[PDB]
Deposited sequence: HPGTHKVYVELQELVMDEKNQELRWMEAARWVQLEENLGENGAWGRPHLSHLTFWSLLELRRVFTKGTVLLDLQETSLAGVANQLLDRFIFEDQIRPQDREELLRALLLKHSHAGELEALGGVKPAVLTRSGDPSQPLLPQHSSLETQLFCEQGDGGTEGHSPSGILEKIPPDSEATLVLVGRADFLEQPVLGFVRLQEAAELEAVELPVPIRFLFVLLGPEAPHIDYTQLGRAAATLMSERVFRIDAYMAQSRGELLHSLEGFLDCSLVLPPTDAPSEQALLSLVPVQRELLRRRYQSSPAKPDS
C-alpha cells in the first residue's frame, strides 16, 4: 500500500553508458524486471539469509539523515556524501566519483527494450565501467525467465564501487515528500536508501537492495521509519522485523505443504504485531 522502487547501477549495451536502471518494484507484492524489459509475475518477497545479515551490519553503522530539507536528488546526494565523510564512511577523495554516479541518469522499463540492454557495472576510475556474483538473479530466473495518492515512495539505490573500503548505507527521510527525476511514477519520494560498496563475500548487492526495499514495504517498519528520530530507533525496528522473520531451511518436502506449514507459526509470530 506504498510504492518502493529498486534501481541498480548498470551499463547499457547500445551506448556503454553508466546509468541507474529500475530492477524491481513493490506495491502490495514484488515485481522483477526481466532481461528484455518485461515485468515478471508478482510474488511474495522472500529474502536470503545473507542479505539480512549484511543489511543489519551496514545499518548498524549506517549514515542517517532525518527530515532532510532537500527536494532534488542532487541536493540529497551532496548532503548524504558530506555526512558519509563526516562519519568516516567514505574518504574525501571518494566524494567526487560517488557524486558523479549518484547524478547519472535514471532509466526505466520503457527504455529497456530501446537499449541493448543492460549489464552489471562497477565503478573504478571516473567514471568507467567494470564488472569483476550470480549472473542471472534467482528472482529473474523464477519469475521472468494499487497505489493511491500519497502514497509516498521509497527509492532504493544499489551500486558497486571497488575503490570503497567498505559497503556503506545511507538512509534519508525527506522533510517534505518531493517528486524526483529518478522515479517515473508521479509519486512523491519520502525515503531514500543508498547502498554502495566493493565486492565482498556474502554480499549480493541486488539482494541487499531487495531486503532494504522489502523492509520499507512492511507496514510496521515503514511506520517506525516515519517516527524515527535516530539511527538507534531504526535499528530497534529492524531487530523487531528480524524477531518476526521465519527461516525455512532447505527441506526435502512437498513444496506447497512446506510453505503452508509456515502459516500457523508465522500467525503466532505476528503479535502484538511485529517487534
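Residues of the deposited sequence with no modelled C-alpha atom fall in the ranges 1-5, 138-139, 153-168, 299-306.
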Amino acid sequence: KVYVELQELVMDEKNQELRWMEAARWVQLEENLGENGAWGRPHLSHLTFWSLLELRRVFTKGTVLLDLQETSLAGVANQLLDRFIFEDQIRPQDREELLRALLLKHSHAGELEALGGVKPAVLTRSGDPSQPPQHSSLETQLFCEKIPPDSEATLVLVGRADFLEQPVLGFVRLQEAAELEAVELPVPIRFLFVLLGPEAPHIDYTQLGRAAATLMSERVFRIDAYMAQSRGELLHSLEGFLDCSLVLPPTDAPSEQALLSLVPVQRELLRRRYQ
From here on, numbers count along this sequence of modelled residues.
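Remark: stretch with higher mean C-alpha B factor among 35-43 and 218-226 is 35-43. Per the PDB record, of the two stretches 23-31 and 231-239, 23-31 carries the greater mean B-factor over its C-alpha atoms. Of the residues listed, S107, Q79, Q89, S130, the entry assigns the biggest Cα temperature factor to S130. Out of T154, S137, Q93, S126, the entry records its largest CA B-factor for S126. The entry lists a Cα temperature factor for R160 that places it in the middle third of the chain's modelled residues. In the deposited entry, the Cα temperature factor of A177 places it in the middle third of its chain's modelled residues. Per the PDB record, residue ranking by Cα B-factor puts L195 in the lowest third of the chain. Among all modelled residues in its chain, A74 ranks in the middle third by Cα B-factor. Per-chain ranking of the deposited C-alpha B factor places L185 in the highest third.
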